[PDB]
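First comes the structure, then the notes that go with it.
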Amino acid sequence: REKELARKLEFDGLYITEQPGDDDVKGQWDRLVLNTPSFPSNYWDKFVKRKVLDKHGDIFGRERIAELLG
Amino acid sequence: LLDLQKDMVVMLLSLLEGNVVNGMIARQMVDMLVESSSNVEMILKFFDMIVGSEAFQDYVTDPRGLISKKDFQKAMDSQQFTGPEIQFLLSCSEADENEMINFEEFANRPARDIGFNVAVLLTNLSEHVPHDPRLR
């Protein structure tokens, strides 16, 4: 799941963009998890969040995405 | 001018209607578009524009039919287009009331189809003379 969501943000950024409601159901629990420090618990490229601010952050606040994240 | 420009590009397309395989003539068009590419850059940055209706809640600073030329002065500019064309955009706002920026009257600069036309021209140039560098 970790790889899943992470690669999703890596290319799609759905929480930056194509966010779920109760529709796109899986993601409803998954919204909250990104907020946590420890989201990348075991992906062994556990730094992805900063790549996410690196890519989707320019479209928005660089720290507003960090408001979402770091 | 928009009209003229539209039909203009139309002829340019009508020229390409005969083209299919790596057409010599289409390539010469490419070459002129190389020479005039400055101008294409100009018109296209004009095509970057109705875009500004996005500005009225993404970076709102009043939402009462009026907004200061500052939150949108460093919004979308703060991530591509030269700010010279943002100051050009202040004139496009025609200084509404005073510092404040007008909304929907921005959206008219209609011309939409022109951009479709050139786009078609481009995308078709990509096809008329396939598997090539300077073109792409």
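Residues in the structure tokens are numbered from 1 in each chain, the chains being A, B, ... in the order shown, and ligands are numbered from 1 in the order shown.
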
Sorted by chain and rising residue number, which residues of chain B lie within 9 Å of chain A, and what are their closest atom pairs and distances in Å to one decimal, counting only C-alpha atoms, as a tab-separated table?
```
residue	atom	partner	partner_atom	distance
B:76	CA	A:59	CA	8.5
B:78	CA	A:58	CA	8.8
B:79	CA	A:58	CA	5.7
```

(message) Please list as a ChimeraX atom specification every residue within 12 Å of residue 116 (chain B), counting only C-alpha atoms and excluding residues in the same chain fewer than 6 positions away.
(response) /B:6,9-10,13,44,47,110,122-124

For the residues in the current selection, export N, CA, C and O atoms as an mmCIF file, in the first residue's frame.
```
data_model
loop_
_atom_site.group_PDB
_atom_site.id
_atom_site.type_symbol
_atom_site.label_atom_id
_atom_site.label_comp_id
_atom_site.auth_asym_id
_atom_site.auth_seq_id
_atom_site.Cartn_x
_atom_site.Cartn_y
_atom_site.Cartn_z
ATOM 1 N N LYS B 6 -7.319 34.108 -38.617
ATOM 2 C CA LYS B 6 -7.905 32.817 -38.640
ATOM 3 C C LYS B 6 -7.965 32.265 -40.027
ATOM 4 O O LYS B 6 -7.639 31.127 -40.296
ATOM 5 N N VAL B 9 -4.499 31.251 -41.213
ATOM 6 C CA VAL B 9 -4.015 29.981 -40.875
ATOM 7 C C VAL B 9 -4.788 28.913 -41.559
ATOM 8 O O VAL B 9 -4.301 27.804 -41.726
ATOM 9 N N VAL B 10 -6.012 29.231 -41.898
ATOM 10 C CA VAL B 10 -6.791 28.317 -42.667
ATOM 11 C C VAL B 10 -6.182 28.056 -44.000
ATOM 12 O O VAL B 10 -6.202 26.923 -44.453
ATOM 13 N N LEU B 13 -3.502 25.767 -43.676
ATOM 14 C CA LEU B 13 -3.854 24.437 -43.535
ATOM 15 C C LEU B 13 -4.280 23.853 -44.837
ATOM 16 O O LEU B 13 -4.096 22.659 -45.100
ATOM 17 N N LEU B 44 1.558 32.858 -29.035
ATOM 18 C CA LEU B 44 1.259 31.786 -28.111
ATOM 19 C C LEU B 44 1.190 32.237 -26.668
ATOM 20 O O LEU B 44 0.377 31.751 -25.856
ATOM 21 N N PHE B 47 -1.890 33.254 -26.337
ATOM 22 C CA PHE B 47 -2.827 32.094 -26.178
ATOM 23 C C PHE B 47 -2.859 31.477 -24.771
ATOM 24 O O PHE B 47 -3.756 30.676 -24.444
ATOM 25 N N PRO B 110 -13.730 33.408 -28.474
ATOM 26 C CA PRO B 110 -13.671 34.225 -29.677
ATOM 27 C C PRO B 110 -12.546 33.798 -30.567
ATOM 28 O O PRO B 110 -12.739 33.240 -31.621
ATOM 29 N N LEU B 122 -0.101 22.383 -36.141
ATOM 30 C CA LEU B 122 1.074 21.894 -35.541
ATOM 31 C C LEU B 122 1.109 20.438 -35.441
ATOM 32 O O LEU B 122 2.071 19.767 -35.780
ATOM 33 N N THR B 123 0.036 19.948 -34.911
ATOM 34 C CA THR B 123 -0.123 18.559 -34.710
ATOM 35 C C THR B 123 -0.116 17.841 -36.034
ATOM 36 O O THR B 123 0.277 16.678 -36.107
ATOM 37 N N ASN B 124 -0.566 18.513 -37.070
ATOM 38 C CA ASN B 124 -0.562 17.890 -38.344
ATOM 39 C C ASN B 124 0.779 18.025 -39.008
ATOM 40 O O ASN B 124 1.167 17.200 -39.818
#
```

Determine which residues of chain A DSSP labels as alpha helix (DSSP H) from the backbone of this structure, then write them out as a JSON list (two decimals) with N, CA, C and O atoms, in the first residue's frame.
```json
[["chain", "number", "residue", "atom", "x", "y", "z"],
["A", 2, "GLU", "N", 1.95, 1.10, 0.66],
["A", 2, "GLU", "CA", 2.85, 2.19, 0.80],
["A", 2, "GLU", "C", 3.37, 2.53, -0.55],
["A", 2, "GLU", "O", 3.38, 3.72, -0.92],
["A", 3, "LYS", "N", 3.85, 1.50, -1.27],
["A", 3, "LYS", "CA", 4.36, 1.73, -2.63],
["A", 3, "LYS", "C", 3.28, 2.28, -3.48],
["A", 3, "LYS", "O", 3.56, 3.08, -4.37],
["A", 4, "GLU", "N", 2.05, 1.82, -3.26],
["A", 4, "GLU", "CA", 0.96, 2.21, -4.07],
["A", 4, "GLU", "C", 0.74, 3.67, -3.97],
["A", 4, "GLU", "O", 0.85, 4.41, -4.97],
["A", 5, "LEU", "N", 0.41, 4.09, -2.79],
["A", 5, "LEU", "CA", 0.10, 5.43, -2.62],
["A", 5, "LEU", "C", 1.23, 6.36, -2.94],
["A", 5, "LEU", "O", 1.04, 7.55, -3.41],
["A", 6, "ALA", "N", 2.41, 5.88, -2.67],
["A", 6, "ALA", "CA", 3.54, 6.68, -2.91],
["A", 6, "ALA", "C", 3.78, 6.87, -4.38],
["A", 6, "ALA", "O", 4.10, 7.98, -4.82],
["A", 7, "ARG", "N", 3.71, 5.82, -5.16],
["A", 7, "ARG", "CA", 3.95, 5.99, -6.57],
["A", 7, "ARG", "C", 2.80, 6.81, -7.21],
["A", 7, "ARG", "O", 2.99, 7.51, -8.26],
["A", 8, "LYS", "N", 1.63, 6.71, -6.59],
["A", 8, "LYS", "CA", 0.52, 7.48, -7.05],
["A", 8, "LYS", "C", 0.79, 8.97, -6.92],
["A", 8, "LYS", "O", 0.49, 9.76, -7.81],
["A", 9, "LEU", "N", 1.32, 9.36, -5.77],
["A", 9, "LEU", "CA", 1.69, 10.72, -5.62],
["A", 9, "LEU", "C", 2.84, 11.07, -6.50],
["A", 9, "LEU", "O", 2.98, 12.23, -6.89],
["A", 10, "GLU", "N", 3.68, 10.08, -6.78],
["A", 10, "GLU", "CA", 4.85, 10.32, -7.59],
["A", 10, "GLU", "C", 4.52, 10.69, -9.00],
["A", 10, "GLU", "O", 5.29, 11.42, -9.64],
["A", 11, "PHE", "N", 3.40, 10.18, -9.50],
["A", 11, "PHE", "CA", 3.04, 10.49, -10.84],
["A", 11, "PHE", "C", 1.73, 11.19, -11.01],
["A", 11, "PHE", "O", 1.50, 11.87, -12.00],
["A", 27, "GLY", "N", -9.21, 5.57, -0.71],
["A", 27, "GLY", "CA", -8.46, 6.65, -0.33],
["A", 27, "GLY", "C", -9.01, 7.38, 0.83],
["A", 27, "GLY", "O", -8.27, 8.20, 1.33],
["A", 28, "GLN", "N", -10.25, 7.13, 1.24],
["A", 28, "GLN", "CA", -10.86, 7.91, 2.33],
["A", 28, "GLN", "C", -10.09, 7.77, 3.64],
["A", 28, "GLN", "O", -9.80, 8.80, 4.26],
["A", 29, "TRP", "N", -9.74, 6.53, 4.02],
["A", 29, "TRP", "CA", -8.83, 6.29, 5.17],
["A", 29, "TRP", "C", -7.46, 6.81, 4.83],
["A", 29, "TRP", "O", -6.71, 7.26, 5.70],
["A", 30, "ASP", "N", -7.12, 6.77, 3.57],
["A", 30, "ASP", "CA", -5.76, 7.06, 3.15],
["A", 30, "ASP", "C", -5.43, 8.51, 3.11],
["A", 30, "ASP", "O", -4.29, 8.91, 2.95],
["A", 31, "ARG", "N", -6.45, 9.34, 3.25],
["A", 31, "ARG", "CA", -6.22, 10.77, 3.29],
["A", 31, "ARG", "C", -5.39, 11.16, 4.45],
["A", 31, "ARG", "O", -4.45, 11.93, 4.32],
["A", 32, "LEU", "N", -5.80, 10.66, 5.61],
["A", 32, "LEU", "CA", -5.21, 11.05, 6.87],
["A", 32, "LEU", "C", -3.75, 10.57, 7.01],
["A", 32, "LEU", "O", -2.95, 11.23, 7.66],
["A", 33, "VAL", "N", -3.41, 9.45, 6.39],
["A", 33, "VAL", "CA", -2.15, 8.83, 6.64],
["A", 33, "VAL", "C", -0.98, 9.67, 6.16],
["A", 33, "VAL", "O", 0.12, 9.60, 6.74],
["A", 48, "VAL", "N", 10.15, 10.28, -0.26],
["A", 48, "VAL", "CA", 9.42, 10.57, -1.42],
["A", 48, "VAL", "C", 8.64, 11.84, -1.27],
["A", 48, "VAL", "O", 8.38, 12.52, -2.26],
["A", 49, "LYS", "N", 8.25, 12.14, -0.04],
["A", 49, "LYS", "CA", 7.40, 13.26, 0.24],
["A", 49, "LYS", "C", 8.08, 14.55, -0.26],
["A", 49, "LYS", "O", 7.46, 15.52, -0.76],
["A", 50, "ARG", "N", 9.39, 14.58, -0.09],
["A", 50, "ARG", "CA", 10.11, 15.75, -0.47],
["A", 50, "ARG", "C", 10.20, 15.85, -2.00],
["A", 50, "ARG", "O", 10.25, 16.94, -2.57],
["A", 51, "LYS", "N", 10.17, 14.71, -2.68],
["A", 51, "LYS", "CA", 9.97, 14.74, -4.15],
["A", 51, "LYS", "C", 8.61, 15.18, -4.60],
["A", 51, "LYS", "O", 8.41, 15.75, -5.68],
["A", 52, "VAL", "N", 7.67, 14.92, -3.75],
["A", 52, "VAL", "CA", 6.36, 15.31, -4.05],
["A", 52, "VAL", "C", 6.20, 16.82, -3.95],
["A", 52, "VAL", "O", 5.51, 17.44, -4.82],
["A", 53, "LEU", "N", 6.77, 17.41, -2.90],
["A", 53, "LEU", "CA", 6.82, 18.87, -2.81],
["A", 53, "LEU", "C", 7.68, 19.39, -3.96],
["A", 53, "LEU", "O", 7.46, 20.49, -4.44],
["A", 54, "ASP", "N", 8.67, 18.61, -4.38],
["A", 54, "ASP", "CA", 9.57, 18.96, -5.50],
["A", 54, "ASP", "C", 8.85, 19.08, -6.84],
["A", 54, "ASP", "O", 9.22, 19.91, -7.69],
["A", 55, "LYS", "N", 7.80, 18.30, -7.01],
["A", 55, "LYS", "CA", 7.10, 18.33, -8.25],
["A", 55, "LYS", "C", 5.77, 19.07, -8.17],
["A", 55, "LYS", "O", 5.58, 20.09, -8.83],
["A", 64, "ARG", "N", 2.68, 25.05, 1.25],
["A", 64, "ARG", "CA", 1.30, 24.60, 1.36],
["A", 64, "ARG", "C", 1.13, 23.07, 1.13],
["A", 64, "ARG", "O", 0.35, 22.38, 1.77],
["A", 65, "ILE", "N", 1.93, 22.54, 0.25],
["A", 65, "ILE", "CA", 2.00, 21.09, 0.09],
["A", 65, "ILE", "C", 2.66, 20.47, 1.32],
["A", 65, "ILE", "O", 2.35, 19.39, 1.75],
["A", 66, "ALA", "N", 3.61, 21.18, 1.89],
["A", 66, "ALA", "CA", 4.23, 20.81, 3.18],
["A", 66, "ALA", "C", 3.26, 20.95, 4.32],
["A", 66, "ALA", "O", 3.36, 20.21, 5.30],
["A", 67, "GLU", "N", 2.33, 21.88, 4.18],
["A", 67, "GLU", "CA", 1.22, 22.00, 5.11],
["A", 67, "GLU", "C", 0.40, 20.73, 5.04],
["A", 67, "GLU", "O", -0.13, 20.27, 6.05],
["A", 68, "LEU", "N", 0.27, 20.19, 3.83],
["A", 68, "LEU", "CA", -0.34, 18.91, 3.67],
["A", 68, "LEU", "C", 0.56, 17.81, 4.21],
["A", 68, "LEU", "O", 0.06, 16.78, 4.66]]
```

(request) Find the residues near region 82-84 of chain B: any atom within 12 Å, counting only C-alpha atoms, skip ones fewer than 3 places away on the same chain, and give them as a list in words. (result) residues 41, 42, 45, 46, 48, 70, 72, 73, 74, 75, 76, 77, 78, 79, 87, 88, 89, 90 and 91 of chain B

Write to file, as an mmCIF file, in the first residue's frame, the residues of the selection just made, with N, CA, C and O atoms.
```cif
data_model
loop_
_atom_site.group_PDB
_atom_site.id
_atom_site.type_symbol
_atom_site.label_atom_id
_atom_site.label_comp_id
_atom_site.auth_asym_id
_atom_site.auth_seq_id
_atom_site.Cartn_x
_atom_site.Cartn_y
_atom_site.Cartn_z
ATOM 1 N N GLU B 41 6.110 32.684 -30.714
ATOM 2 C CA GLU B 41 6.249 32.716 -29.280
ATOM 3 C C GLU B 41 5.336 33.812 -28.711
ATOM 4 O O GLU B 41 4.693 33.623 -27.628
ATOM 5 N N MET B 42 5.275 34.944 -29.440
ATOM 6 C CA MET B 42 4.444 36.082 -29.007
ATOM 7 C C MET B 42 2.958 35.744 -28.979
ATOM 8 O O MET B 42 2.268 35.921 -27.950
ATOM 9 N N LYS B 45 2.049 33.177 -26.316
ATOM 10 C CA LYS B 45 1.937 33.722 -24.962
ATOM 11 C C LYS B 45 0.685 34.564 -24.852
ATOM 12 O O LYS B 45 0.122 34.696 -23.750
ATOM 13 N N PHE B 46 0.234 35.077 -25.995
ATOM 14 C CA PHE B 46 -1.083 35.603 -26.020
ATOM 15 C C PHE B 46 -2.137 34.460 -25.800
ATOM 16 O O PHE B 46 -3.183 34.683 -25.147
ATOM 17 N N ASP B 48 -1.882 31.855 -23.958
ATOM 18 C CA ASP B 48 -1.867 31.420 -22.558
ATOM 19 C C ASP B 48 -3.133 31.872 -21.819
ATOM 20 O O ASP B 48 -3.598 31.227 -20.869
ATOM 21 N N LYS B 70 -2.038 42.678 -7.244
ATOM 22 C CA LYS B 70 -0.921 42.266 -6.441
ATOM 23 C C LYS B 70 -0.974 40.721 -6.185
ATOM 24 O O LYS B 70 -0.006 40.022 -6.537
ATOM 25 N N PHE B 72 -2.724 38.423 -7.713
ATOM 26 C CA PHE B 72 -2.627 37.758 -9.026
ATOM 27 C C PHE B 72 -1.372 38.233 -9.793
ATOM 28 O O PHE B 72 -0.918 37.552 -10.710
ATOM 29 N N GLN B 73 -0.811 39.389 -9.402
ATOM 30 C CA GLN B 73 0.484 39.901 -9.963
ATOM 31 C C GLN B 73 1.655 38.988 -9.634
ATOM 32 O O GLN B 73 2.633 38.939 -10.369
ATOM 33 N N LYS B 74 1.544 38.273 -8.519
ATOM 34 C CA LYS B 74 2.591 37.324 -8.131
ATOM 35 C C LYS B 74 1.952 35.979 -7.746
ATOM 36 O O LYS B 74 2.269 35.394 -6.730
ATOM 37 N N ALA B 75 1.033 35.494 -8.574
ATOM 38 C CA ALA B 75 0.380 34.169 -8.376
ATOM 39 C C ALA B 75 0.873 33.176 -9.421
ATOM 40 O O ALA B 75 1.857 32.486 -9.197
ATOM 41 N N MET B 76 0.209 33.142 -10.588
ATOM 42 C CA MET B 76 0.612 32.300 -11.707
ATOM 43 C C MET B 76 1.983 32.733 -12.227
ATOM 44 O O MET B 76 2.715 31.905 -12.788
ATOM 45 N N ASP B 77 2.307 34.024 -12.085
ATOM 46 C CA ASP B 77 3.668 34.506 -12.413
ATOM 47 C C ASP B 77 4.696 33.899 -11.459
ATOM 48 O O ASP B 77 5.870 33.731 -11.819
ATOM 49 N N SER B 78 4.239 33.560 -10.257
ATOM 50 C CA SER B 78 5.095 32.996 -9.244
ATOM 51 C C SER B 78 5.066 31.464 -9.218
ATOM 52 O O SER B 78 4.747 30.884 -8.176
ATOM 53 N N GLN B 79 5.435 30.829 -10.339
ATOM 54 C CA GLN B 79 5.574 29.349 -10.408
ATOM 55 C C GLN B 79 6.377 28.851 -11.634
ATOM 56 O O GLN B 79 6.534 27.638 -11.862
ATOM 57 N N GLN B 87 2.203 42.977 -16.381
ATOM 58 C CA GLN B 87 1.988 44.398 -16.362
ATOM 59 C C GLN B 87 1.189 44.808 -17.613
ATOM 60 O O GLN B 87 0.352 45.740 -17.567
ATOM 61 N N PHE B 88 1.398 44.073 -18.704
ATOM 62 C CA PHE B 88 0.560 44.180 -19.915
ATOM 63 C C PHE B 88 -0.906 43.775 -19.597
ATOM 64 O O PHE B 88 -1.905 44.330 -20.126
ATOM 65 N N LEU B 89 -1.007 42.793 -18.717
ATOM 66 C CA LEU B 89 -2.279 42.332 -18.278
ATOM 67 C C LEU B 89 -3.011 43.385 -17.412
ATOM 68 O O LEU B 89 -4.224 43.434 -17.397
ATOM 69 N N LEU B 90 -2.266 44.225 -16.688
ATOM 70 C CA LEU B 90 -2.852 45.356 -15.914
ATOM 71 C C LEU B 90 -3.549 46.339 -16.834
ATOM 72 O O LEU B 90 -4.594 46.880 -16.513
ATOM 73 N N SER B 91 -2.934 46.558 -17.986
ATOM 74 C CA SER B 91 -3.549 47.356 -19.028
ATOM 75 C C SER B 91 -4.727 46.630 -19.629
ATOM 76 O O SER B 91 -5.704 47.261 -20.047
#
```

(request) Go ahead and compute the interatomic distance for CA of residue 70 (chain A) and CA of residue 54 (chain B), in Å to one decimal. (result) 27.1 Å

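Going from CA of residue 120 (chain B) to CA of residue 33 (chain B) covers 14.6 Å.
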
(message) To one decimal place in Å, what is the distance between CA of residue 118 (chain B) and CA of residue 7 (chain B)?
(response)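 Result for CA of residue 118 (chain B) versus CA of residue 7 (chain B): 10.8 Å, one decimal.
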
Show me, as a compact mmCIF listing (two decimals) with N, CA and C atoms, in the first residue's frame, the residues that have an atom within 12 Å of residue 60 (chain B) when counting only C-alpha atoms, minus same-chain residues fewer than 3 positions from it.
```txt
# COMPACT_ATOMS: atom_id res chain seq x y z
N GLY B 52 -7.64 33.78 -16.68
CA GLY B 52 -7.62 34.64 -15.51
C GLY B 52 -8.86 34.57 -14.65
N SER B 53 -9.92 33.91 -15.12
CA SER B 53 -11.09 33.69 -14.26
C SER B 53 -10.68 32.78 -13.07
N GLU B 54 -9.65 31.94 -13.30
CA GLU B 54 -8.92 31.16 -12.27
C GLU B 54 -8.34 32.03 -11.18
N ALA B 55 -7.94 33.26 -11.52
CA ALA B 55 -7.27 34.11 -10.55
C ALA B 55 -8.22 34.58 -9.40
N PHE B 56 -9.55 34.66 -9.69
CA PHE B 56 -10.53 35.36 -8.79
C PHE B 56 -10.88 34.61 -7.49
N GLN B 57 -10.61 33.30 -7.41
CA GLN B 57 -10.66 32.59 -6.10
C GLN B 57 -9.29 31.93 -5.71
N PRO B 63 -13.05 39.51 -3.43
CA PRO B 63 -14.21 38.83 -4.00
C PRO B 63 -15.51 39.68 -3.94
N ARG B 64 -15.45 40.97 -4.30
CA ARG B 64 -16.64 41.89 -4.34
C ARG B 64 -16.77 42.52 -5.77
N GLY B 65 -16.37 41.74 -6.78
CA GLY B 65 -16.38 42.19 -8.17
C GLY B 65 -15.10 42.93 -8.49
N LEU B 66 -14.23 43.09 -7.50
CA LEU B 66 -12.97 43.86 -7.63
C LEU B 66 -11.81 43.07 -6.94
N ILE B 67 -10.56 43.22 -7.39
CA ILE B 67 -9.39 42.59 -6.72
C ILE B 67 -8.11 43.40 -6.97
N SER B 68 -7.22 43.56 -5.99
CA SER B 68 -6.02 44.38 -6.23
C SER B 68 -5.02 43.68 -7.15
N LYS B 69 -4.29 44.49 -7.89
CA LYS B 69 -3.26 44.03 -8.75
C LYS B 69 -1.99 43.76 -7.97
N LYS B 70 -2.04 42.68 -7.24
CA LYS B 70 -0.92 42.27 -6.44
C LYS B 70 -0.97 40.72 -6.19
N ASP B 71 -2.06 40.18 -5.58
CA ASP B 71 -2.17 38.69 -5.33
C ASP B 71 -2.15 37.89 -6.62
N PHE B 72 -2.72 38.42 -7.71
CA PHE B 72 -2.63 37.76 -9.03
C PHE B 72 -1.37 38.23 -9.79
N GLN B 73 -0.81 39.39 -9.40
CA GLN B 73 0.48 39.90 -9.96
C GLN B 73 1.66 38.99 -9.63
N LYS B 74 1.54 38.27 -8.52
CA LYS B 74 2.59 37.32 -8.13
C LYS B 74 1.95 35.98 -7.75
N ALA B 75 1.03 35.49 -8.57
CA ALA B 75 0.38 34.17 -8.38
C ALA B 75 0.87 33.18 -9.42
N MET B 100 -7.81 48.07 -8.57
CA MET B 100 -8.56 46.84 -8.63
C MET B 100 -8.66 46.25 -10.06
N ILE B 101 -8.67 44.92 -10.17
CA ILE B 101 -8.80 44.21 -11.46
C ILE B 101 -10.27 43.72 -11.75
N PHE B 103 -13.14 41.34 -13.75
CA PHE B 103 -13.22 39.90 -13.89
C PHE B 103 -13.51 39.41 -15.32
```

(request) Considering only C-alpha atoms, state which residue in the set B:61, B:51, B:27, B:106 is at the smallest distance from residue 136 (chain B). (result)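 Nearest candidate to residue 136 (chain B) out of B:61, B:51, B:27, B:106: B:27.
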